[PDB]
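Accompanying notes for the structure given below.
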Amino acid sequence: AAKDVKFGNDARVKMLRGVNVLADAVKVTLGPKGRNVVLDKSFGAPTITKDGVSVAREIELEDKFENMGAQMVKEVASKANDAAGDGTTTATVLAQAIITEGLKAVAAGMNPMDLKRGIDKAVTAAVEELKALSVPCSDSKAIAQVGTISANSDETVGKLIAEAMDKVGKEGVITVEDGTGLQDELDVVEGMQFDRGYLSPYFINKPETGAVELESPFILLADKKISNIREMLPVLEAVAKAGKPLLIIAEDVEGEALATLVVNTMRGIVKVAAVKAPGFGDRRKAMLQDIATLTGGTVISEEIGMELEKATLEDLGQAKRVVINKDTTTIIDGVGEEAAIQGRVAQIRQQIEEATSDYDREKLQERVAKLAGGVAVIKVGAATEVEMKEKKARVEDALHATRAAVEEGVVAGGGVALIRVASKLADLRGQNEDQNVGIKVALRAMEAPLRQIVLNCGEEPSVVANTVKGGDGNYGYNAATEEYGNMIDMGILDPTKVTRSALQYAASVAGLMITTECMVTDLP
Amino acid sequence: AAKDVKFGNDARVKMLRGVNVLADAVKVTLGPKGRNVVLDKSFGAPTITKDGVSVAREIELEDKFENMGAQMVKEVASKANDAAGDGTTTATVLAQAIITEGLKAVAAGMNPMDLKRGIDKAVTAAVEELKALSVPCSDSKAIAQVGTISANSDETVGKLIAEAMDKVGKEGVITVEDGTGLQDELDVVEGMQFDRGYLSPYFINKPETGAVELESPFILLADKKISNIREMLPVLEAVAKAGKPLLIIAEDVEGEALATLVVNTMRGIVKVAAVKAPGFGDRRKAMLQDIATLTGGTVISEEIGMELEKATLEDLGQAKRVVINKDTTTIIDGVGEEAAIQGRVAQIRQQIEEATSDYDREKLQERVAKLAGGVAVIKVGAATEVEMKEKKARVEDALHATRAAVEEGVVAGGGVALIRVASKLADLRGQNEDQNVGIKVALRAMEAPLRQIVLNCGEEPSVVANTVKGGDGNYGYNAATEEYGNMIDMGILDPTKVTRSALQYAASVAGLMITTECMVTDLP
Amino acid sequence: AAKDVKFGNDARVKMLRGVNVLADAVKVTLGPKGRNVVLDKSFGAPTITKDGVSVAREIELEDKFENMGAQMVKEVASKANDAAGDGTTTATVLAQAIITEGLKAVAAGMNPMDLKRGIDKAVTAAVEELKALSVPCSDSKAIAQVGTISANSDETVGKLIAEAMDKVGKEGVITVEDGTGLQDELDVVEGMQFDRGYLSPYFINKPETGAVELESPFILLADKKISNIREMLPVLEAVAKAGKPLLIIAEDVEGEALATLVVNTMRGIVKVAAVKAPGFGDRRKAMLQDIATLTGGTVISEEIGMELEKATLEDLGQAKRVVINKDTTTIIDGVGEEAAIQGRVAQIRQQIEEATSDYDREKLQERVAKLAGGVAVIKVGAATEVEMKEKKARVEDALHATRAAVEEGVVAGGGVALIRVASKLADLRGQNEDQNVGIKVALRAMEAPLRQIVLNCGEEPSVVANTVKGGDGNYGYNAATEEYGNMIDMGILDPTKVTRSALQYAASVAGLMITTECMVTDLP
């Protein structure tokens, strides 16, 4: 197909226009006093959302080059949300600011590579300062405070999160489910979670959160790289007869016969999900057999000689439910027998005892921790179904925030940590002058989120930013109450992880966008 | 279909416009400080690549004549990459420079044929000077140094390459495969490689490197020029029942019944690959029987009278995996019995002993070398999967570079060898004046890569080029550190083969495209 | 369909424009220093050819009337190549020159018919002078010299051609085939050739040389004018079961049921070729029975009463391979029994002895010569496959050139013979003045090829043409070495047949297009 190419300033201005459109669409929702964005929907009435992620999802421009730039910014910014649970809008605003000022600098004859180097150095120093500024959150009281703050001052949610974390540990797996009444329930149950996402985005189930849910599915385990629809047709017929959904855990499912069939041909007939087996090499087989023992099923391995053609319903594993999302798969409640699981755990512990390398020690300790840790399930109860669903959503959000906080501490929210580190880094320098200009544009663009938040509130951004920069510590300006004080003490805070991820991803976008010279796209 | 014809300067300027577009798209990535090129993908987010080969692949213009010129430049430049493993960007830049200046000279009324002759003479002299300047790389230490330099200063990769080369020899076949853990493995296994590529580009498997991979495929051997889908339908049905992929080694597979169906009808149902039998005449049958003995299968020959209609699964050969690419087919691990292979090797050695012509001696010695050499497999290990894949890619690239270096030595990289030979050839002359102008137009264009590299770094190309020309030996300018010194001692080097191939192919394009007088293309 | 008509000068100028476009496309490749022509190909990269025949094939203009002119010139010029093996470009250039000057003369009010008569008279006198100037080539040494000169100074090709001609005779049939190794082979084998081409151009096999090749095909012989697919369906089914290709030699295959199906329905299922039986009347039946005896098959005759419905596989003849092209069919190696062939030859010789008319004597002598002559097969051997293909192509070209030379002698090449006869015919006159003008335009246009050749070399055509005209004998100008001398002694020569054919066909085109008054074409 005929291609359109642009070199230099025309490509730069097209990419800048696309980024400007996307950032203007997204950033109006930033801050506690954010505005509303109306997204047209073909199925009926328009939807009104204050969430930046939905607006970013819906944005795609007509012009090919501007659309390309917006797509790059969106796709990198979504990584921050995926990794840390928040920070899409902050990442987008930071990217827009850095890109705008850096392209203005490039238009002045400044070297793009040196600008990229300076920006990267400034961002690294800022990340170090953020890690210095982080306030640890490890005790139960701090965990409860973070949870209740992230859940709109609901002490019950924080108490539930603290109880679950105490019951399983700061590194344990915690999930949430629909409750059965008014009282909330918490119980540790056997389960497993490994870092493997869905193979195709078309597998997404009813939830719009980028995850899938299967109720009492069937677990299929096979180390063979299944490639043709022929070899498991009896298994598919059996699971269709049973009526329950099916989960496929194989070494890899390529898109020649399996993925295409289960994506296109399956659009409601049955429920099937396929994920890659965790690890590689002997570790992959060890994980597969561990999952088979946990779920009570058996693994179909070509090495010993059994064939998936004869895989009956008995060989398949089963579980109460499984949740798969972008980069995580969890088995909440397996049906496997407990004594077999305990015996396998004891066997792997014995292997740890006779292990002869620190790497093997670490891997086997991780395996036994995964096996014996279990999964905690939180049953959110409420008076009515609607309030029940709303409380469940709040609990999920608070759980994500609390996990991030216990991972990497917590800093002042509202875009104040970035301005703090920007004020602290006023004495940074590079090798040449271009690197100094890059450091300065990074520093002057790290103040964008606070200025935008203040602008949404109707105040003047410059005075507030200057006053905040004049302070020290965690001193900042609260947008909601329009007053100054110590953010941590007045109930506004963000995890360090989300801020650091947003900053790093925005820096990456800015570098890749500044150092772009040629652009290739299909002819309109 | 109605045709559009152009004669002379209009055709030439269309040619120049197309070549200029392609070269401007490609050359911005040249050098260690190369920029980024954003290629649109309809599948989702745009891709950002610094690789010139991908940019060259994606380029195709709207206007028919400019598109044609770009296509010829691309298709010849890709030959350098195929033959030597690197040098697409260098070949494209050299072609653009020579072609631009030569067409400017032709517009002044100079004879195109004399210009082509002068360019060819200058290129021949430059190739001779390059061969004179090459530093040999034969010892194990030099091999390890080249490998580790080509692998971004990873001493482990160089050590692995040196170990494999010592185990098999500088002319042996070395491959790479997925590892099983942390430790790296190397083992010589029975196998064979012959210079035959895939018949159709549509056979390309999952890898994008222009190669295919078949896991435990079935080897089919038949000297008959198979032509109709009727005669091997039982074999295809048997291989479908088995589920393993199939490899077809026939005398020739024409595109009326076999190739058409295995390309169109097969698009995921099975996995089949067809390649031409190596050699011709009696040598072709000898190769087929040698492969049959190595793989444990049997060759289907019409001369003895057996028919491929009755070819059962037993007659088919088998191997662990086979890799086929543009111009090479290898059988990594055959299942054939070892004593039969040794007996065949002894028989061919006896034939060597009783051979009566030097040509037969050479051919039979090549046969026994292929049979008894074996194939070395390198198992790349790493802690986790992503870095394992990255290390595998680095190892493959370093293997290609090291093979080229041991083939034809090594010279200073960074476009400095070309400027060295250009400075050394300042006293070349031709018969007429136009030949002299062609010699000068080649000499002034062999400096283009270094000037482009310096320009990408933000310095001024003219001063750096003049300073480099003022030096002698391997003295040059390092773009990464922005300092002068000996390239070989400073860790920057390129094989002589890649530079020579790039120069020769650029010269071929320049001559063919300068001596072009008429155009024929389909009407828009 | 609505028609567009033009009368007189508008039609003449449209036709002249078409001829000019075609000639400008073709003639730039004339001479040893010919330029390059780039032909667009939709399957991928453009092809670069210096061959005028391919360029002539690819040319077809958008405008209907210019397309008429180009098509007539192409279709008549191709006859020269078909008959003599070379001279398409020369014929096209001569046609363009004569047509241009003749139409200019017609625009001055001269009678077109008188111009045509004068041109024809001049061409006849020139042909007579060429026959006078021809140097005979009959001895073995001359044959070898012509062969090696036509094969780019490869003495081996000339030696092979001379050996084959000595073994079979100057009027014998000689073919070429792929070799089996390094040594070249020559052996006379039983065979047959008759002047009958393929019925439909869609029968063309893999070769692009306008020929077809069938490996071990089945020969079908039937004097009945086969017309329906019903009567020979069992034979087609049997040949499909056997898998070998099939050759049909019938009295005539019309295009209602047989030709339509074997062209459209057959596009890869099987391989079938149909040619007309040679001769007519009783001679046709004699030819059919002779071919049946030679191939070991039997002829299906309605007169004796057996039907082609019951024609089994035994009745069909067989041969090693058969080659069919525009106007020649050959059976290289039949499977017929030799004693039967010898007995048939003896019987026909006895018929010669008892023949009572000179016409019958001649026909029967031709029959016995065809039967007992045999076919010589040349096995071209080489070190590698690519070089073996290239050598095979060179051998085929040298064979064609040598056959033409032994047919009608040889004259000086490079367009020198035409200018020689033009200089010799300076004193030709016609009846009226318009006939004299026609003679003059023919004479002034027979110098065009040499002027074009010199122009391609960058010299000035006028001075070289005048200097050559000043000489006598075979003295001429060598374009390659840019020096004068004897062409025959300097290694440049063309057969008289190709020059005479090119001249006559160009004259035919010029007359037919000068005497054109109205043109009818479909409305755009």
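Data overview
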| quantity | calculated |
| --- | --- |
| Residue-wise HN-Hα coupling along the stretch C:8-21, computed from phi with Karplus coefficients 6.51, -1.76, 1.60 (Hz; x: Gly, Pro) | x, 5, 5, 4, 4, 6, 4, 4, 5, 4, x, 4, 4, 4 |
| Angle between chain C longest axis and helix C:433-445 axis [Cα atoms, degrees, rounded to 10] | 70 |
| Under 5 Å, built H, 5+ apart or other chain: amide partners of C:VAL176 | C:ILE378 |
| Cleavage-rule hits, GluC sites (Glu not before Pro), the stretch C:298-350, DSSP coil, Cβ neighbours within 10 Å at most 14 | C:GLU302, C:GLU303, C:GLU307, C:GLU314, C:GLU337 |
| When the convex hull of its Cα atoms is projected in every direction, mean area for the protein assembly as shown (nm²) | 70.6 |
| For the stretch A:191-371, Kirkwood radius (reciprocal of mean inverse C-alpha pair distance, Å) | 16.7 |
| Simple label model, 7 Å out from Cα along Cβ direction - B:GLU128 to B:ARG429, nm | 1.6 |
| Contact order normalised by residue count of chain C, Cα under 8 Å, 6+ apart, percent | 27 |
| 30 Å Cα-Cα reach of C:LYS363 towards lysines, excluding residues that sit fewer than 8 places from it in its own chain | C:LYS79, C:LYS131, C:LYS167, C:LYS170, C:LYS224, C:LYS225, C:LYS276, C:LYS285, C:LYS320, C:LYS326, C:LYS497 |
| 3J(HN,Hα) from dihedral phi, the stretch B:389-399, Karplus parametrisation 6.51/-1.76/1.60, rounded to Hz, x for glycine, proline | 5, 4, 5, 4, 4, 4, 5, 4, 5, 5, 5 |
| Angle in degrees between helix A:140-150 and the longest Cα principal axis of chain A, rounded to the nearest 10 | 70 |
| Links that overshoot a 18 Å alpha carbon limit, given the list B:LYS14/C:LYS64; B:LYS159/B:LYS206; B:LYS3/C:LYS64 | B:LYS14/C:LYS64; B:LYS159/B:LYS206 |
| Space enclosed by the convex hull of the alpha-carbon atoms of the stretch B:1-87, per residue, Å³ | 132 |
| For A:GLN318, distant residues with modelled amide H under 5 Å away | A:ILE219, A:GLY297, A:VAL335 |
| Loop trypsin sites (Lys or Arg not before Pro), the stretch C:371-472, which have at most 16 other Cβ atoms in a 10 Å radius of their Cβ (DSSP) | C:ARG429 |
| Cleavage-rule hits (chymotrypsin sites (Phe, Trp or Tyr not before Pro)) in the stretch C:1-89: DSSP loop, at most 16 neighbouring Cβ within 10 angstrom | C:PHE43 |
| Chain A, closest residue to the rotation axis toward C, by beta-carbon, whole angstrom | A:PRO524, 19 |
| Karplus-derived 3J(HN,Hα), 6.51/-1.76/1.60, for each residue of the stretch C:170-175, Hz, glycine and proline x | 5, 9, x, 9, 10, 10 |
| Estimated 222 nm signal from helices in chain A, with DSSP H stretches of n ≥ 4 weighted -39500 (n - 2.57), rounded to 500 | -16000 deg cm²/dmol |
| Degrees, to the nearest 10: A:496-514 long Cα axis against longest axis of chain A | 70 |
| C:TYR484 long-range amide H proximity, modeled H, under 5 Å | C:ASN478 |
| Principal axes of chain B: Cα extent on each, largest first, Å | 70, 62, 59 |
| Length-normalised contact order for the stretch B:191-371 - Cα pairs under 8 Å, 6+ apart - percent | 30 |
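As a convention, Cβ positions derive from the backbone with ideal geometry for all residues, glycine included, and neighbour counts pool all protein chains shown. Every read-out reported here was derived from the displayed coordinates using simple, explicitly stated rules and does not represent laboratory data.
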